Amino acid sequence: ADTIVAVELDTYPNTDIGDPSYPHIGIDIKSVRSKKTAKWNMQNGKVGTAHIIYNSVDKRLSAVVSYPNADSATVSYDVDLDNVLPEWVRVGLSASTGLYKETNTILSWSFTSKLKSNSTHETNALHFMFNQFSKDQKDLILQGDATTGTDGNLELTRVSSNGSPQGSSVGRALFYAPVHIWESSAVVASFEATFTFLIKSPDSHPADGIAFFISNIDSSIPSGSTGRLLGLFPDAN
């Protein structure tokens, strides 16, 4: 079983597995049942922005999602990620559709991790930034339905030629390089992630959402993780 830490942008209320009634953002530690959620007024057809942040000093994982000219949704959770994740991980974006559907379009993605040592008092750092995605993006591991190059975007879930999202769809993009996320010898470990997204539905009911996630480096899409499981979890436990 993969080890997963995620921020979910959850557009569809699965009230039988702990979702609230409304679209929401959440912090998932090893379960689709968010440890903490906040209400989120997803805006259909509009470009949004997620900022995620962590440091080893506060051990607080925080996410902010916003649209131009709207109040933000933010959620926070105290978690020592040295006790949850392995030392080496991969970072990625995940999305799914079920019975109901939406485009899961990423327009940009950027990430920064830092280790600042006690042993030496010197820093190890990874930073990547995509504002365009190309038809053949060799620093990305695309899983399931995920594709790149259509209008320089990353389409996480399946979309027809006229541009209609398909249901029962799942897809993920991971950064090729493993990331050293925590280290005993570090005085401060920090990571930042930012992405922009276009979730468009023809339905008045979009599903299922987008997640930024951290996994074991060999993470793959769990079997039957379309719909409410967001390509992250094998089950709703």
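Each residue number is its position in the shown sequence, starting from 1.
Asks: Which of the two stretches, 199-207 or 36-44, shows the higher mean Cα temperature factor in the record?
Replies: Between 199-207 and 36-44, it is 199-207.
Asks: Compare the mean C-alpha B-factor of 110-118 with that of 140-148 as given in the PDB entry, and name the stretch with the higher value.
Replies: Stretch with the greater average CA B-factor: 110-118.
Asks: Per the PDB entry, which option out of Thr103, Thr74, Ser161, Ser96 has the greatest Cα B factor?
Replies: It is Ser161.
Asks: Maximum C-alpha temperature factor per the entry, among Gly26, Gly171, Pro68, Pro178, belongs to which one?
Replies: Reading the PDB entry, the winner on C-alpha B-factor is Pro68.
Asks: Once the chain's modelled residues are ordered by C-alpha B factor and cut into thirds, is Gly167 in the lowest, middle or highest one?
Replies: According to the entry, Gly167 has a C-alpha B-factor in the chain's middle third.
Asks: According to the PDB entry, is the CA B factor of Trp182 in the bottom, middle or top third of its chain, that is, lowest, middle or highest?
Replies: Tercile = highest for this residue's CA B-factor.
Asks: Using the temperature factors of the C-alpha atoms in this entry, rank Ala193 within its chain: lowest, middle or highest third.
Replies: Lowest third, going by the recorded CA B-factors of the chain.
Asks: Looking at the entry's B-factor column for C-alpha atoms only, identify whether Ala1 ranks in the lowest, middle or highest third of its chain.
Replies: Within its chain, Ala1 is a highest-third residue by C-alpha B-factor, going by the deposited values.
Asks: Within this chain, which third does the Cα B-factor at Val89 fall in: lowest, middle or highest?
Replies: Its C-alpha B-factor, which the entry lists for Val89, ranks in the lowest third among residues of this chain.
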